[PDB]
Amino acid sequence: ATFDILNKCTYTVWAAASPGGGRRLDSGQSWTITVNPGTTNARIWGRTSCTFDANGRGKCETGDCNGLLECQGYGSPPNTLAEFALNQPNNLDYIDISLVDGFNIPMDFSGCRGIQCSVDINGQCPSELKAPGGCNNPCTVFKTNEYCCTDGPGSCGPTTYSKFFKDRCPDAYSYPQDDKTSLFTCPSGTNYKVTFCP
């Protein structure tokens, strides 16, 4: 599948992908990548307030991936995520926006349907969850089963903190087991667009 990733934010977003790497996107810029069928565990995000040297090493305020421009692994929360797994059984791609590793930049993820989390989550973030440049999920910050769902299927459910996210972005995962209303599929062969600040 192809992914067009577009920055419509008024500020530079250093886009990142696992797998795929990373690119500086100033306002209005785009980066198109191919992710092969069968890839699972994949994600596209944006990073704010980065600084990189001529070799691409440095540090981002949000979403930092081991201090590289061209990521080779996941970023540090808080980071809004476009998650996907391609060509799964019955020729299905499974897509979602997740807030389980936090929020940093508003996002639209579109394929056979549009998913969008665009409200001002940073401006409204509870003080328990605030981070520089974003809003953490309570699971990242408070490590208990109530928010992290480690104790098995059905052992957790929505909390006051996850409802903060879900009330604002009903279609994105707000806690780890938030699948019924956050996990979507498209037919394999669909191509995708991820847009920052839609």
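In case it trips you up, residue 1 is the first one in the sequence shown, and so on.
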| message | I need to verify one thing: averaged over C-alpha atoms only, is the B-factor higher for 23 to 31 or for 38 to 46? | response | 23 to 31
| task | Using only the Cα atoms and their B-factors as the entry lists them, report which of 87 to 95 and 104 to 112 averages higher. | result | 87 to 95
| Of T10, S182, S18, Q177, which one's C-alpha B factor is largest in the deposited record? | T10
| task | Specify which of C65, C148, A172, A131 carries the largest Cα B factor in the deposited PDB entry. | result | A131
| query | C-alpha B factor of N122, ranked within the chain: lowest, middle or highest third? | reply | highest
| message | By the recorded C-alpha temperature factor, relative to the other modelled residues in its chain, which third is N137 in? | response | lowest
